[PDB]
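Here's a solo chain for you in structure tokens, the form deposited in one PDB entry.
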């Protein structure tokens, strides 16, 4: 239910402990939460604020083809991953622009500096889009989601195709209590841009409906969780389609759920708006496998949200 996501946000606002975080921004936070979304009751794309389904749609596609380089996201005009690639870049020997230490916060503080940033980030983007060698070096975020989903590296010079394996298991072994996918690779976690927040997920089959639980170690509640919800609903639907099942529930389970302190006002304005109907998701029936979908194959129809509420992303 939309109300479930809203109730969490309210609860964090109302009874969240204040907490310093890796980004030095400041958060309000709980530990341990669970919300359920019945997918039969609408595709859970938030209606109390416009959420851009395109960006969700193309980040997931990016996950599904194993890709960890942001060039693909740039091609489809998705900048939601840029900052971490930009951070790697500025901190390398190859960057000789103006100083960028702590840019996450400084572009909020100083307007002149935000022009300096706006420029350098632009150049970064264009370099990624056009120089292949640059792209190869500075578009790469490490063995994040696509790598662990598609290409978990084995001790003996090979790789496990975790997503595929589990889709196949749904088909032949639906009562399996082992239908798990993990992004959490201890080996790789030091070398990733950010260790997987949406960390592990598990599937369940009952009476011809597929349900999914995701275990999220860390949830940015205003900016993060709207995306994640929609992302995992999509994936459940796409897997349903393949495996010929109907949709069950998404269960979203959180460790540290938190509100960035400069999202407090946004969440407040969000909380005063009236919930509307979730839209309907329509898939292209011609496409056979989860790995076969492209962006024009997934649409959400009947989506009438309240206006965008903008907020700054904590780097």
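Shifts are known only where both forms have a C-alpha. Take the two forms, find the largest set of C-alpha atoms that superpose within 1.5 Å, and that set is the rigid core. Residue numbers count along the first chain shown, from 1.
Below, we turn to the form deposited in another entry, even though it does not appear here.
Residue among 165, 173, 182, 191 whose Cα moves 2 Å or more between this form and the one not shown, once the rigid core is superposed: It is 191.
After fitting the core, residue 27 CA displacement of 2 Å or more between this form and the one not shown: False for residue 27: its C-alpha shift is below 2 Å.
Did residue 69 shift 2 Å or more between this form and the one not shown, C-alpha, core superposed: The answer is yes; the displacement is at least 2 Å.
Core-aligned CA displacement of residue 126 at least 2 Å between this form and the one not shown: Yes; residue 126 is a residue whose C-alpha shifts (by 2 Å or more) between this form and the one not shown when the cores are overlaid.
Rigid-core superposition between this form and the one not shown, with residue runs of at least 3 whose C-alphas all shift by 2 Å or more: Shifted segments: 20-24, 67-75, 79-95, 116-142, 190-193.
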